[PDB]
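>>> Take these chains first, placed just as they are in the complex:
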Amino acid sequence: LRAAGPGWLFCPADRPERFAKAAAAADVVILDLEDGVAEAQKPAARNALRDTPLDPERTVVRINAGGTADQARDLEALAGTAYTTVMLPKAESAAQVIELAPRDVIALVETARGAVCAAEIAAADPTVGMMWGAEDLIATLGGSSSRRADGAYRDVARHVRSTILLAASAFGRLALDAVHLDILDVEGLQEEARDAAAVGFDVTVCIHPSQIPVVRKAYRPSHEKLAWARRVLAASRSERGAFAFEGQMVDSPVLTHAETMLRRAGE
């Protein structure tokens, strides 16, 4: 999975006619049995998932939250598939992840409790990834909007995003940035995904295939950035330790950032 591109794509499990397209456009597809599908449509979604299989090495299935009758039906259904990685919505403790063993688990922390227990969830053995959800977050806080007038996330959402990035990285898990619900707001998605790439998120999860090209381009460093990385790496080959390059103190971790941009560009 860590070898798949950054362009991951949700597609509702009761929409099998879209599966192959989802697979085609995206790096990894998340087949959704949760919020994407109404309760009356779950069983059909579960039949589709087993009737219309995708490459299980590039497909994750978002099941329902722990302690729900739906999750048990999902697990019963997945029994009849070859999918080994699931996403857990409303992830709220290590126990919720651990009981999914031996499947690989991407924990979607999208509640206060989850936020408070982030590191615990990250540390759990089955965890291979962490994602965060702004909208469920606010909803469970009893709020009404995740962003301010100007489109930026409200503080608590920004806070949780950092918390999840830290928890995931501190335990060597993948970090996935939140979805961008404004389908046509290409510009905002781009800015969001450039920043996500810059701080070390591994994935930006998309909800529409038109988003994928934007995310992929956004995870390629700017031309001026690659130029810089090339320059500082070259200059460092004539240096021992800390030096000044173009007005700034360079040393090990900065050289590490440069290497990372060049790796991302090659990827």
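That came through, no problem. Numbers count the residues shown, from 1 in each chain, chains lettered A, B, ... in the order given.

>>> And what about the most centrally placed residue in chain A, helix, strand or coil?
Closest to where the C-alpha atoms of chain A average out (Cα atoms, centre = their mean) is residue A:176, at 2.0 Å. Classification of residue A:176 by DSSP: H, G, I helix; E, B strand; the rest coil places it in strand.

>>> didn't it look like it was pressed against residue A:204?
Yes: Residue A:176 is within contact range of residue A:204, at 7.4 Å (criterion: Cβ atoms under 8 Å). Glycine gets a C-beta too; all of them are placed from N, C-alpha and C.

>>> quick one: common contacting residues for these two?
Shared contacts of residue A:176 and residue A:204 (Cβ atoms under 8 Å, 6 or more residues apart in numbering): residue A:8.

>>> Backbone dihedrals for the closest residue to residue A:117 other than its chain neighbours, please?
Of all residues not flanking residue A:117 in the chain, residue A:93 sits nearest, at 5.6 Å (Cβ to Cβ, 6 or more residues apart in numbering). The phi and psi torsions at residue A:93 (degrees, to the nearest 10) take the values phi -160, psi 170.

>>> and then chain B:
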Amino acid sequence: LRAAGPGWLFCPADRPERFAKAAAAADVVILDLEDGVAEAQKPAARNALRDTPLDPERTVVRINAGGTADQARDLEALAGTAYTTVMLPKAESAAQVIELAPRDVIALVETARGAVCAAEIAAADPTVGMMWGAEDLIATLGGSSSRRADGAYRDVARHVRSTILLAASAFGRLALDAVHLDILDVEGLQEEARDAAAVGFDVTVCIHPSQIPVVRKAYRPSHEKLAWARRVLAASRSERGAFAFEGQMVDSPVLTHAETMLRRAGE
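Take a look at chain B, now in place beside the chains above:
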């Protein structure tokens, strides 16, 4: 307490002549025995509490910090009243809350230690709410201003606000947003309360009855938002699952934000 409006108002306990005015203007009155009252005036303040009752169902009393002789004298003064809900300043541990049993406690976290321990404080059995305080926070950090030139809270205060909001919601406690000290700054207050309302705070604490109307208004969504909520919900009942509405991916938690808007207007 969950049943009162968002407009809470401090009034120092040594000004019994303002108690009825406060009760009249506010949803809940916080009678203050701590910072609002000089040490030399505390004993008279305590006398005021016993001599000028307010409806104990709409009235909270902020006592002094744990381990202080003042707190001991507050509790014995309080033995002569019907007040069963107290606010604990400088709340720094679960033990400080638990020791106040059997009273209900709103923890005011306004120290670094408090912030480090917020989740533990919120989980404590008597806790029914959490509030944060930016000014003691900065004071205890060794700092000198909680806000930038432009009026925004400095990063650490913004950080603690979110910490407390999450700690409270994670254990189902009321969340109270900090006081706005600039009494004539109606605009700043409104901007604060509007965002507090959006992110799930239940209350904005006020320090002047002129602020209640502002907080009450801010907690009722704008016309534009209510129109949208009506719209999204209406469409939602012809919808089954995730759909697109006005360019936005909509599902479950977005629907929940809309309900919450309408609930807040209804309230």
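
>>> ok, back up a step: which residues are in contact with the residue nearest to the centre of chain A?
A:8, A:106, A:129-132, A:201-205 (Cβ atoms under 8 Å, 6 or more residues apart in numbering or on different chains).

>>> quick one: it from chain B, how far?
Taking Cβ to the nearest Cβ, to the nearest Å as the measure, residue A:176 falls 17 Å from chain B.

>>> repeat for residue A:151
The gap separating residue A:151 from chain B is 12 Å, by Cβ to the nearest Cβ.

>>> Apart from its chain neighbours, what residue comes closest to the residue nearest to the centre of chain A?
residue A:131 (3.7 Å; Cβ to Cβ, 6 or more residues apart in numbering or on different chains).

>>> Please identify the pairing partners of the strand or helix carrying that neighbour and their relative orientation?
Using DSSP states H and E, residue A:131 maps to strand A:127-132. Here strand A:127-132 has these sheet partners by DSSP bridges: strand A:104-109 (parallel), strand A:174-177 (parallel).

>>> are any of the contacts of residue A:176 buried, and which?
Those of the contacts of residue A:176 that meet the buried threshold are A:8, A:106, A:129-132, A:201-205, by 16 or more other Cβ atoms under 10 Å in any protein chain shown.

>>> Further, place chain C onto the existing structure:
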Amino acid sequence: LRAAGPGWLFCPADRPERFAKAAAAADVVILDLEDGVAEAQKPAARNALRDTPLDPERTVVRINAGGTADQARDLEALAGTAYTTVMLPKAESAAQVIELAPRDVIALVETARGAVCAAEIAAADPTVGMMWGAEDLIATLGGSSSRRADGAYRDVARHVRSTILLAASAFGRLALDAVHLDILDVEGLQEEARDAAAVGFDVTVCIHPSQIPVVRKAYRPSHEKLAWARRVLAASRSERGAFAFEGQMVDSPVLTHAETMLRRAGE
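Adding chain C to what we have so far:
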């Protein structure tokens, strides 16, 4: 160490010809054996440490990270010196600090794990201070830049900065702000230092002697803040408890901010 001014300065240990200049420019000097010095220059740095001593009372030595052969050689080298305070890079647990007993440790938290464990690190018995580092942080997250286009730290870094400030203050440890790598960027350094001084950081670490006067300046409150502090403290000497002053509500912690402004001026 809490008695020296806020202008701390890094100097790599491989460059002993600058030791006295740095000791002259700065309040405290951090002699560096880690990232400022290339692996092949380490042994000479160590030689230089023992052979070119500075006032141990105004010098801290940044050694290498826990569990490395380098750190072992560092301590071995320090045995022949009078330096009793060390800076610990990549601080990731209480155990890494505790093993440095009986030396005093400034923990430099600059990884996600460190951040997740900040309070644990802060509480450890040898810790006397905390510092954070944005660039190793970003590097370990798998990111490529600590700052946005406008120079502002990205969120996760801002988030980590507050974590450290809060962790260190919760256990009474010194707090040290991150270095400013853009040597020429006086204005940004000024703006960071000013804000660091406002939220209670004790120190801004510098990486070039030309930065120290900016930092010292930044930590001295502006003439306008000082006149305010004077004004408010004077008015307060005629008041009892909370009072309105120049449109703001004033009580204890506001009065404390004023005292701290005037203390920083006198210092």
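
>>> once more on the contacts of residue A:176, this time with chain C?
Neighbours of residue A:176 in contact, by Cβ under 8 Å, 6+ apart: A:8, A:106, A:129-132, A:201-205.

>>> Out of these, which comes closest to residue B:187?
Closest approach to residue B:187 among the contacts of residue A:176 (Cβ to Cβ): residue A:132, at 32.1 Å.

>>> Run through the bridge partners of that closest one.
residue A:109.

>>> so what's it up against?
Going by Cβ under 8 Å, 6+ apart, residue A:132 touches A:108-110, A:160-161, A:163-164, A:176-178.

>>> And for residue A:156?
Residues near residue A:156 by Cβ under 8 Å, 6+ apart: A:137-138, A:141, B:161-162, B:165-166, B:199-200.

>>> So which of these are in strands?
Residues of the contacts of residue A:156 located in strands (DSSP state E): none.

>>> ok, and the most crowded of those?
For the contacts of residue A:156, the largest number of neighbours (other Cβ atoms under 10 Å in any protein chain shown) sits with residue A:137, at 31 neighbours.

>>> Report the separation between it and residue B:131.
For residue A:137, the distance to residue B:131 equals 21 Å [Cβ to Cβ, to the nearest Å].

>>> now residue A:86
Residue A:86 is 39 Å from residue B:131, by Cβ to Cβ.
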